[PDB]
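This is start04.pdb. It holds PDB, C-alpha atoms and all ligand atoms.
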ATOM      1  CA  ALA A   8      99.714 139.404 139.555
ATOM      2  CA  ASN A   9     102.460 140.697 137.273
ATOM      3  CA  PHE A  10     106.230 140.397 137.175
ATOM      4  CA  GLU A  11     106.751 143.990 138.336
ATOM      5  CA  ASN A  12     104.777 143.354 141.550
ATOM      6  CA  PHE A  13     106.544 140.021 142.074
ATOM      7  CA  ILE A  14     109.970 141.698 142.103
ATOM      8  CA  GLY A  15     108.735 144.572 144.259
ATOM      9  CA  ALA A  16     107.386 142.076 146.813
ATOM     10  CA  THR A  17     110.359 139.703 146.958
ATOM     11  CA  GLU A  18     113.687 141.363 146.105
ATOM     12  CA  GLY A  19     112.448 144.958 145.973
ATOM     13  CA  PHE A  20     113.923 147.567 143.638
ATOM     14  CA  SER A  21     117.259 149.330 143.932
ATOM     15  CA  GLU A  22     117.013 153.108 144.027
ATOM     16  CA  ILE A  23     118.543 153.115 140.535
ATOM     17  CA  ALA A  24     116.054 150.685 138.972
ATOM     18  CA  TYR A  25     113.197 152.595 140.610
ATOM     19  CA  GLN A  26     114.321 156.086 139.584
ATOM     20  CA  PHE A  27     115.391 155.101 136.062
ATOM     21  CA  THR A  28     112.007 153.497 135.424
ATOM     22  CA  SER A  29     110.174 156.541 136.760
ATOM     23  CA  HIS A  30     112.274 158.770 134.498
ATOM     24  CA  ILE A  31     111.813 156.679 131.344
ATOM     25  CA  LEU A  32     108.031 156.534 131.835
ATOM     26  CA  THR A  33     107.941 160.287 132.432
ATOM     27  CA  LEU A  34     109.919 160.853 129.230
ATOM     28  CA  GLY A  35     107.354 158.668 127.472
ATOM     29  CA  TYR A  36     104.313 160.808 128.187
ATOM     30  CA  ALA A  37     106.217 164.097 127.846
ATOM     31  CA  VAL A  38     107.099 163.182 124.247
ATOM     32  CA  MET A  39     103.421 162.477 123.495
ATOM     33  CA  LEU A  40     102.462 165.970 124.657
ATOM     34  CA  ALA A  41     105.116 167.511 122.410
ATOM     35  CA  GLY A  42     103.844 165.302 119.584
ATOM     36  CA  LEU A  43     100.276 166.460 120.218
ATOM     37  CA  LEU A  44     101.340 170.061 119.643
ATOM     38  CA  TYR A  45     103.414 169.152 116.587
ATOM     39  CA  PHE A  46     100.558 167.373 114.810
ATOM     40  CA  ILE A  47      98.062 170.144 115.608
ATOM     41  CA  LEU A  48     100.378 172.955 114.456
ATOM     42  CA  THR A  49     101.429 171.253 111.192
ATOM     43  CA  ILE A  50      97.966 170.275 109.987
ATOM     44  CA  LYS A  51      97.996 173.430 107.859
ATOM     45  CA  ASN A  52     100.983 172.084 105.842
ATOM     46  CA  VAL A  53      99.130 169.202 104.149
ATOM     47  CA  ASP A  54      96.388 169.259 101.544
ATOM     48  CA  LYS A  55      92.859 168.772 102.872
ATOM     49  CA  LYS A  56      92.703 165.299 101.301
ATOM     50  CA  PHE A  57      95.456 164.027 103.650
ATOM     51  CA  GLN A  58      94.537 165.870 106.880
ATOM     52  CA  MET A  59      92.661 162.900 108.363
ATOM     53  CA  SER A  60      96.089 161.384 109.021
ATOM     54  CA  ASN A  61      97.229 164.398 111.101
ATOM     55  CA  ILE A  62      93.889 164.219 112.921
ATOM     56  CA  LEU A  63      94.360 160.558 113.799
ATOM     57  CA  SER A  64      97.952 161.166 114.939
ATOM     58  CA  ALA A  65      96.671 163.935 117.248
ATOM     59  CA  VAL A  66      94.007 161.660 118.753
ATOM     60  CA  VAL A  67      96.620 158.930 119.351
ATOM     61  CA  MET A  68      98.820 161.532 121.077
ATOM     62  CA  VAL A  69      95.925 162.388 123.439
ATOM     63  CA  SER A  70      95.321 158.705 124.202
ATOM     64  CA  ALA A  71      99.015 157.980 124.797
ATOM     65  CA  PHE A  72      99.702 161.104 126.853
ATOM     66  CA  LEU A  73      96.813 160.465 129.249
ATOM     67  CA  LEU A  74      97.338 156.732 129.678
ATOM     68  CA  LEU A  75     101.142 156.793 129.875
ATOM     69  CA  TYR A  76     100.799 159.606 132.413
ATOM     70  CA  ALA A  77      98.476 157.357 134.450
ATOM     71  CA  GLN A  78     100.930 154.439 134.121
ATOM     72  CA  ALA A  79     103.807 156.676 135.217
ATOM     73  CA  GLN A  80     102.003 157.817 138.379
ATOM     74  CA  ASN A  81     101.029 154.204 139.091
ATOM     75  CA  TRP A  82     104.668 153.095 138.934
ATOM     76  CA  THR A  83     105.967 155.822 141.246
ATOM     77  CA  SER A  84     103.235 155.560 143.875
ATOM     78  CA  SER A  85     103.189 151.736 144.071
ATOM     79  CA  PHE A  86     106.559 151.241 145.823
ATOM     80  CA  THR A  87     107.956 152.867 148.986
ATOM     81  CA  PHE A  88     111.497 153.007 150.309
ATOM     82  CA  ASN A  89     112.436 150.754 153.243
ATOM     83  CA  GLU A  90     115.380 152.480 154.935
ATOM     84  CA  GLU A  91     116.305 149.264 156.770
ATOM     85  CA  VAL A  92     116.808 147.278 153.558
ATOM     86  CA  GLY A  93     117.586 150.310 151.391
ATOM     87  CA  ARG A  94     115.347 149.226 148.487
ATOM     88  CA  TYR A  95     111.882 150.077 147.227
ATOM     89  CA  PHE A  96     109.226 147.455 147.913
ATOM     90  CA  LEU A  97     105.616 146.907 146.921
ATOM     91  CA  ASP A  98     103.399 149.075 149.127
ATOM     92  CA  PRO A  99     100.413 147.167 150.601
ATOM     93  CA  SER A 100      98.643 150.463 151.295
ATOM     94  CA  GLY A 101      98.926 151.572 147.659
ATOM     95  CA  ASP A 102      97.225 150.440 144.488
ATOM     96  CA  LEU A 103     100.065 148.143 143.307
ATOM     97  CA  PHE A 104     101.509 148.327 139.799
ATOM     98  CA  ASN A 105      98.934 147.624 137.096
ATOM     99  CA  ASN A 106      99.638 147.205 133.391
ATOM    100  CA  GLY A 107      95.993 147.840 132.483
ATOM    101  CA  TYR A 108      96.742 151.433 131.508
ATOM    102  CA  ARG A 109      99.155 150.336 128.786
ATOM    103  CA  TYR A 110      96.881 147.575 127.474
ATOM    104  CA  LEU A 111      94.012 150.048 127.252
ATOM    105  CA  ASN A 112      96.303 152.429 125.340
ATOM    106  CA  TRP A 113      96.998 149.615 122.876
ATOM    107  CA  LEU A 114      93.324 148.791 122.363
ATOM    108  CA  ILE A 115      92.764 152.429 121.384
ATOM    109  CA  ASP A 116      95.925 153.273 119.430
ATOM    110  CA  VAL A 117      96.322 150.094 117.343
ATOM    111  CA  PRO A 118      93.107 150.508 115.262
ATOM    112  CA  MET A 119      93.933 154.171 114.653
ATOM    113  CA  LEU A 120      97.621 153.721 113.715
ATOM    114  CA  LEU A 121      96.660 151.039 111.173
ATOM    115  CA  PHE A 122      93.680 153.069 109.859
ATOM    116  CA  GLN A 123      95.578 156.303 109.246
ATOM    117  CA  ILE A 124      97.884 155.059 106.491
ATOM    118  CA  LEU A 125      94.765 154.425 104.337
ATOM    119  CA  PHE A 126      94.255 158.217 104.206
ATOM    120  CA  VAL A 127      97.687 158.849 102.665
ATOM    121  CA  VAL A 128      98.320 156.035 100.175
ATOM    122  CA  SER A 129      95.928 154.730  97.522
ATOM    123  CA  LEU A 130      95.158 151.044  97.218
ATOM    124  CA  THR A 131      95.038 149.429  93.776
ATOM    125  CA  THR A 132      93.354 146.022  93.649
ATOM    126  CA  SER A 133      92.445 145.796  97.371
ATOM    127  CA  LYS A 134      89.249 147.273  98.792
ATOM    128  CA  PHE A 135      89.431 150.000 101.446
ATOM    129  CA  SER A 136      86.703 148.466 103.611
ATOM    130  CA  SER A 137      88.288 145.016 103.430
ATOM    131  CA  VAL A 138      91.725 146.235 104.568
ATOM    132  CA  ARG A 139      90.186 148.373 107.308
ATOM    133  CA  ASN A 140      88.080 145.507 108.681
ATOM    134  CA  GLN A 141      90.991 143.069 108.654
ATOM    135  CA  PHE A 142      93.188 145.595 110.485
ATOM    136  CA  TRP A 143      90.545 146.312 113.116
ATOM    137  CA  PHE A 144      89.550 142.702 113.755
ATOM    138  CA  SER A 145      93.066 141.296 114.026
ATOM    139  CA  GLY A 146      94.378 144.321 115.915
ATOM    140  CA  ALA A 147      91.690 144.019 118.584
ATOM    141  CA  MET A 148      92.138 140.237 118.844
ATOM    142  CA  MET A 149      95.922 140.643 119.146
ATOM    143  CA  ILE A 150      95.454 142.908 122.185
ATOM    144  CA  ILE A 151      92.675 140.835 123.797
ATOM    145  CA  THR A 152      94.566 137.539 123.636
ATOM    146  CA  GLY A 153      97.743 139.311 124.750
ATOM    147  CA  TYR A 154      95.942 140.788 127.751
ATOM    148  CA  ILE A 155      94.722 137.309 128.718
ATOM    149  CA  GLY A 156      98.189 135.769 128.588
ATOM    150  CA  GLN A 157      99.466 138.664 130.692
ATOM    151  CA  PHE A 158      97.446 137.350 133.653
ATOM    152  CA  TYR A 159      99.604 134.194 133.729
ATOM    153  CA  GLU A 160     102.928 136.046 133.556
ATOM    154  CA  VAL A 161     104.023 134.790 136.990
ATOM    155  CA  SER A 162     101.507 132.066 137.870
ATOM    156  CA  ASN A 163     101.503 129.866 134.723
ATOM    157  CA  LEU A 164     104.405 130.508 132.352
ATOM    158  CA  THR A 165     103.082 127.909 129.900
ATOM    159  CA  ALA A 166      99.695 129.610 129.516
ATOM    160  CA  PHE A 167     101.608 132.902 129.252
ATOM    161  CA  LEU A 168     103.457 131.578 126.200
ATOM    162  CA  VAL A 169     100.449 129.879 124.593
ATOM    163  CA  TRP A 170      98.295 133.014 124.707
ATOM    164  CA  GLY A 171     101.195 135.166 123.504
ATOM    165  CA  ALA A 172     101.631 132.779 120.585
ATOM    166  CA  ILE A 173      97.941 133.117 119.723
ATOM    167  CA  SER A 174      98.340 136.907 119.903
ATOM    168  CA  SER A 175     101.347 136.564 117.588
ATOM    169  CA  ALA A 176      99.174 134.825 114.993
ATOM    170  CA  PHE A 177      97.067 137.968 114.718
ATOM    171  CA  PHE A 178     100.226 140.088 114.651
ATOM    172  CA  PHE A 179     101.531 138.184 111.636
ATOM    173  CA  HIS A 180      98.229 138.684 109.842
ATOM    174  CA  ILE A 181      98.557 142.458 110.428
ATOM    175  CA  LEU A 182     102.108 142.425 109.044
ATOM    176  CA  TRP A 183     100.841 140.598 105.976
ATOM    177  CA  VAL A 184      98.031 143.079 105.289
ATOM    178  CA  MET A 185     100.301 146.080 105.953
ATOM    179  CA  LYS A 186     102.890 144.737 103.490
ATOM    180  CA  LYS A 187     100.190 144.519 100.812
ATOM    181  CA  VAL A 188      99.070 148.086 101.604
ATOM    182  CA  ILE A 189     102.623 149.419 101.262
ATOM    183  CA  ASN A 190     103.126 147.552  97.978
ATOM    184  CA  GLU A 191      99.892 148.815  96.437
ATOM    185  CA  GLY A 192     100.556 152.315  97.778
ATOM    186  CA  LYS A 193     103.946 152.425  96.024
ATOM    187  CA  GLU A 194     102.358 151.876  92.584
ATOM    188  CA  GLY A 195     102.353 155.055  90.525
ATOM    189  CA  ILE A 196     103.687 157.470  93.089
ATOM    190  CA  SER A 197     106.975 159.330  92.687
ATOM    191  CA  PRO A 198     110.321 157.673  93.566
ATOM    192  CA  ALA A 199     110.702 160.061  96.525
ATOM    193  CA  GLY A 200     107.329 158.908  97.862
ATOM    194  CA  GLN A 201     108.261 155.268  97.321
ATOM    195  CA  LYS A 202     111.421 155.778  99.373
ATOM    196  CA  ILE A 203     109.489 157.270 102.302
ATOM    197  CA  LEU A 204     107.024 154.375 102.144
ATOM    198  CA  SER A 205     109.903 151.882 102.261
ATOM    199  CA  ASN A 206     111.159 153.647 105.407
ATOM    200  CA  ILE A 207     107.659 153.504 106.903
ATOM    201  CA  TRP A 208     107.554 149.742 106.365
ATOM    202  CA  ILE A 209     110.916 149.204 108.080
ATOM    203  CA  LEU A 210     109.917 151.477 110.975
ATOM    204  CA  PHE A 211     106.572 149.715 111.352
ATOM    205  CA  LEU A 212     108.087 146.221 111.329
ATOM    206  CA  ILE A 213     110.792 146.971 113.893
ATOM    207  CA  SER A 214     108.813 149.217 116.227
ATOM    208  CA  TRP A 215     105.802 146.894 116.439
ATOM    209  CA  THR A 216     108.052 143.838 116.992
ATOM    210  CA  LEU A 217     109.525 145.555 120.069
ATOM    211  CA  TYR A 218     106.209 145.038 121.900
ATOM    212  CA  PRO A 219     106.300 141.191 122.026
ATOM    213  CA  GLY A 220     109.973 141.550 122.891
ATOM    214  CA  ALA A 221     109.109 143.609 125.958
ATOM    215  CA  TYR A 222     106.270 141.184 126.785
ATOM    216  CA  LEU A 223     108.760 138.274 126.892
ATOM    217  CA  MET A 224     111.667 140.267 128.306
ATOM    218  CA  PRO A 225     112.007 138.677 131.811
ATOM    219  CA  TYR A 226     112.043 135.130 130.424
ATOM    220  CA  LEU A 227     114.539 135.841 127.630
ATOM    221  CA  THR A 228     117.455 134.766 129.862
ATOM    222  CA  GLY A 229     115.634 131.641 131.063
ATOM    223  CA  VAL A 230     113.646 130.753 134.157
ATOM    224  CA  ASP A 231     116.237 132.405 136.409
ATOM    225  CA  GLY A 232     118.643 134.364 134.214
ATOM    226  CA  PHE A 233     119.977 137.900 134.426
ATOM    227  CA  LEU A 234     116.744 139.442 133.109
ATOM    228  CA  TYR A 235     114.525 137.568 135.600
ATOM    229  CA  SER A 236     115.167 140.492 137.940
ATOM    230  CA  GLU A 237     114.753 144.232 138.339
ATOM    231  CA  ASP A 238     116.926 144.481 135.212
ATOM    232  CA  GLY A 239     114.248 142.812 133.104
ATOM    233  CA  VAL A 240     111.819 145.350 134.567
ATOM    234  CA  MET A 241     114.003 148.309 133.588
ATOM    235  CA  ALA A 242     114.570 146.803 130.137
ATOM    236  CA  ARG A 243     110.897 145.997 129.530
ATOM    237  CA  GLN A 244     109.796 149.563 130.291
ATOM    238  CA  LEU A 245     112.675 151.072 128.282
ATOM    239  CA  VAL A 246     111.794 148.972 125.223
ATOM    240  CA  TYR A 247     108.082 149.816 125.583
ATOM    241  CA  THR A 248     108.949 153.527 125.659
ATOM    242  CA  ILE A 249     111.219 153.266 122.617
ATOM    243  CA  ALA A 250     108.476 151.376 120.785
ATOM    244  CA  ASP A 251     105.862 153.948 121.888
ATOM    245  CA  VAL A 252     107.794 156.944 120.561
ATOM    246  CA  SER A 253     108.610 155.083 117.324
ATOM    247  CA  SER A 254     105.249 153.478 116.495
ATOM    248  CA  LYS A 255     103.178 156.601 117.296
ATOM    249  CA  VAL A 256     105.276 159.772 116.980
ATOM    250  CA  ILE A 257     107.907 158.905 114.394
ATOM    251  CA  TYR A 258     105.441 156.884 112.317
ATOM    252  CA  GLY A 259     103.099 159.882 112.251
ATOM    253  CA  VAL A 260     105.853 162.328 111.308
ATOM    254  CA  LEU A 261     106.835 160.072 108.369
ATOM    255  CA  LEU A 262     103.238 159.793 107.133
ATOM    256  CA  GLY A 263     103.012 163.590 107.204
ATOM    257  CA  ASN A 264     106.240 163.894 105.211
ATOM    258  CA  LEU A 265     104.766 161.409 102.724
ATOM    259  CA  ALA A 266     101.594 163.504 102.418
ATOM    260  CA  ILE A 267     103.695 166.612 101.685
ATOM    261  CA  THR A 268     105.744 164.683  99.099
ATOM    262  CA  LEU A 269     102.549 163.500  97.399
ATOM    263  CA  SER A 270     101.293 167.078  96.971
ATOM    264  CA  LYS A 271     104.208 167.807  94.598
ATOM    265  CA  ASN A 272     102.402 167.386  91.270
TER     266      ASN A 272
HETATM  267  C1  LIG A 301     101.283 152.495 120.596
HETATM  268  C2  LIG A 301     100.880 151.131 120.785
HETATM  269  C3  LIG A 301     101.121 150.123 119.907
HETATM  270  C4  LIG A 301     101.718 150.331 118.539
HETATM  271  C5  LIG A 301     100.972 148.760 120.385
HETATM  272  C6  LIG A 301     101.330 147.633 119.760
HETATM  273  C7  LIG A 301     101.180 146.336 120.388
HETATM  274  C8  LIG A 301     101.524 145.123 119.881
HETATM  275  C9  LIG A 301     102.096 144.936 118.503
HETATM  276  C10 LIG A 301     101.456 143.958 120.743
HETATM  277  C11 LIG A 301     101.817 142.715 120.402
HETATM  278  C12 LIG A 301     101.846 141.450 121.186
HETATM  279  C13 LIG A 301     102.231 140.303 120.590
HETATM  280  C14 LIG A 301     102.494 140.166 119.114
HETATM  281  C15 LIG A 301     102.454 139.022 121.346
HETATM  282  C16 LIG A 301     102.647 139.236 122.831
HETATM  283  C17 LIG A 301     101.562 140.153 123.369
HETATM  284  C18 LIG A 301     101.527 141.537 122.694
HETATM  285  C19 LIG A 301     100.117 142.095 122.935
HETATM  286  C20 LIG A 301     102.535 142.448 123.407
END

Please go through the file and, once you have read it, give me the structure as structure tokens.
Amino acid sequence: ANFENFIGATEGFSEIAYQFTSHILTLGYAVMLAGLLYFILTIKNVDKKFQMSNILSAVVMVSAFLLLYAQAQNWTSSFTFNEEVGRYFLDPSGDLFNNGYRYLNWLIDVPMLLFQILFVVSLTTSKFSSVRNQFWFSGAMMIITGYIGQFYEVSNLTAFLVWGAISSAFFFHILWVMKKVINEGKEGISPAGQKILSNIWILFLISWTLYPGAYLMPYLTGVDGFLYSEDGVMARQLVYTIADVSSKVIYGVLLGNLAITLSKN
């Protein structure tokens, strides 16, 4: 199956790699619940014309909280401690670790995170329906092809990389459309709004790039380097969680600050 189950079935997990990963995943869904409350409570602070962005942030928070909670429980209950060896190992009587929860979260959140900026900025020469359709098509294809490659993570590293490269083609199309959206959205808004939009672009670029980084993380030190271990598992889940908080919660806070800035007129 996946690299997490491979490690848990051969070398097992140290108590520190197991507990750290449980804690980081728990932090992940706890932040989404706090974000859910934040976006509900602050919807009164933006003009009606921008509130669809707060609404979409709140729906993403629900998606992420429920599915990261499921992923968290799946991590903790998939490995049991062997007192003889002193490590956690894959439990044959459990469900085994499954990354489907996170991939389903991506299929849901990606179309909504890309959609919601179109309710705060105005396009100029681009058409709303054209940008929306390009975001939704390439976002869904990016996740589908990525999910396929994920099946070959352990069994066929070459198919793993080929599918992930196909997925990356769709990712670069998204980055290209988003850059055009940001550029058109900067036209004829205030300098303070243009500065926030520049920050949104940098946040978007870095936080979304973290996801392919975490996808590749165990092979980034080679076919048997330092990361091809429980340390690549800790690092992959830490980088996912950082990307999750950044791409969903911080991105949404910044769009709300932009909406407030744009009401000053
Ligand atoms: C909150 C969830 C978000 C923002 C998910 C974003 C996911 C991606 C940008 C995934 C990208 C991938 C690649 C570009 C190549 C390798 C496979 C993926 C699916 C991890």

Let me make sure I understand: among A:103, A:24, A:14, A:74, which one has the smallest atom-to-atom distance to ligand LIG 301 (chain A) if we use only C-alpha atoms and all ligand atoms? A:74

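Each of A:8, A:223, A:73, A:65 was checked against ligand LIG 301 (chain A) using only C-alpha atoms and all ligand atoms; the smallest atom-to-atom distance is that of A:223.
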
Could you tell me which residues the PyMOL selection byres (((chain A and resi 150) around 12) and not hetatm) grabs in this file, written as number ranges by chain? A: 107, 109-118, 143-149, 151-157, 170-178, 218-219, 222

Who sits within 9 Å of residue 203 in chain A, only C-alpha atoms, same chain under 6 positions skipped, as a ChimeraX atom specification: /A:261-262,264-265,268

Okay, now the selection with C-alpha atoms, as a compact mmCIF listing (two decimals), keeping the file's coordinate frame?
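And here's out.txt as it stands now:
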# COMPACT_ATOMS: atom_id res chain seq x y z
CA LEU A 261 106.84 160.07 108.37
CA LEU A 262 103.24 159.79 107.13
CA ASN A 264 106.24 163.89 105.21
CA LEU A 265 104.77 161.41 102.72
CA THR A 268 105.74 164.68 99.10

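Counting from CA of residue 82 in chain A, the distance to CA of residue 239 in chain A is 15.2 Å.
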
As lines of an AutoDock Vina configuration file: centre and edge lengths in Å, one decimal, of the axis-aligned box holding ligand LIG 301 (chain A) with 3 Å per side:
center_x = 101.4
center_y = 145.8
center_z = 121.0
size_x = 8.5
size_y = 19.5
size_z = 10.9

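Rounded to one decimal, CA of residue 46 in chain A and CA of residue 221 in chain A lie 27.6 Å from each other.
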
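Residues lying within 12 Å of residue 190 in chain A, counting all atoms listed in the file and ignoring same-chain neighbours fewer than 3 positions away, are residues 128, 129, 130, 131, 132, 133, 183, 184, 185, 186, 187, 193, 194, 195, 196, 201, 202, 204, 205, 207 and 208 of chain A.
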
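Across the structure, CA of residue 237 in chain A and CA of residue 97 in chain A are spaced 12.8 Å apart.
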
Which residue of A:136, A:236, A:105, A:248 approaches ligand LIG 301 (chain A) most closely, using only C-alpha atoms and all ligand atoms: A:248

May I have the residues within 9 Å of residue 238 in chain A as a PyMOL selection string, using all atoms listed in the file and disregarding those fewer than 4 positions away in the same chain? chain A and resi 24+225+233-234+242-243

Of the candidates A:212, A:119, A:246, A:199, which one gets nearest to residue 60 in chain A if we count only C-alpha atoms? A:119

Would you kindly translate the PyMOL selection byres (((chain A and resi 30) around 12) and not hetatm) into the concrete residues it picks from this file, as a ChimeraX atom specification? /A:23-29,31-37,76,79-80,82-83,241,244-245,248

Non-local contacts of residue 9 in chain A (7 Å; all atoms listed in the file; under 4 positions in same chain excluded) as a ChimeraX atom specification: /A:13,160-161

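Minimum distance to ligand LIG 301 (chain A) across A:168, A:260, A:227, A:50 (counting only C-alpha atoms and all ligand atoms) occurs at A:168.
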